[PDB]
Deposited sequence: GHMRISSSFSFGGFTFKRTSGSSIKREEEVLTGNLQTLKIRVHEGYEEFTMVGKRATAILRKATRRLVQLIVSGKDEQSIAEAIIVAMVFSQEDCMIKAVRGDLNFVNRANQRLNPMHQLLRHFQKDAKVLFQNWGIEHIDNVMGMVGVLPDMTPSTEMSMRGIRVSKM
């Protein structure tokens, strides 16, 4: 499958997936009905200012190796990948005031609403994703997008263009 999401072209290089309509609770305990893809899948993400290799299991990001134009371009690709992963911590990072999802679908699907939400401000997302201890050529990236050699956002690596 070769599809479009958040301005990136996704192309599956390994794995398979079946769909399942499921109910998810946000950090605001809001119920969203999402189309969950089940199975280990590997994708290329090709955009205009960033490219990445995404390794993912059902509602879990295994690894994301990002290459881009700059910190903003890479953060963008990172956000799309985290929303696409359908991970619980991404969903649970939807919390606050006005931070709700219009349940009549209309303009955007839940995945497109989650995306439009994290594009506005990724602080809660990146900060609620987690950090892990960390290879030459690939650096780690902290939730504030600072490159580090000792810690990175879980599963996230930044490769040189």
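Compare the deposited sequence with the modelled residues and state the ranges that are missing C-alpha positions. Going by the record, the segments left unmodelled (no C-alpha atoms) fall at 1-6, 141-142.
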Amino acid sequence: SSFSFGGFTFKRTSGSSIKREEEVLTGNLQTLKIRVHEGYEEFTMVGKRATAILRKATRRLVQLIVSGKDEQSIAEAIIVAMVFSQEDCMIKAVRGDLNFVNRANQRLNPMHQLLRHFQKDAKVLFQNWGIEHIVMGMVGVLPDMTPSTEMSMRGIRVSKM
From here on, numbers count along this sequence of modelled residues.
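Between two forms, the rigid core is the largest collection of C-alphas that superpose within 1.5 Å.
Taking RMS over all structures and residues, which stretch has CA atoms farther from the shown form in 4 other deposited structures of this protein, 1-9 or 150-158, after a rigid core fit? Stretch with the higher C-alpha RMS distance in 4 other deposited structures of this protein: 1-9.
Does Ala104, which is modelled here, drop out in at least a third of the other compared PDB entries? Across the compared entries, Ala104 is left out in at least a third.
Comparing 148-156 with 19-27, which has the greater mean CA B-factor as deposited? According to the entry, 148-156 carries the higher average C-alpha B-factor.
Please compare 43-51 with 123-131 and name the stretch with the higher mean C-alpha B-factor in the deposited structure. Looking at the recorded C-alpha B-factors, 123-131 comes out higher on average.
Of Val36, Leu114, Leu32, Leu108, which one's C-alpha B factor is largest in the deposited record? Across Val36, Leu114, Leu32, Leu108, the entry lists the biggest C-alpha B-factor for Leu108.
Ranked against its chain, the third holding the CA B-factor of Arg95: It falls in the top third of the chain.
Once the chain's modelled residues are ordered by C-alpha B factor and cut into thirds, is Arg103 in the lowest, middle or highest one? Ranked within chain, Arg103 CA B lands in the highest tercile.
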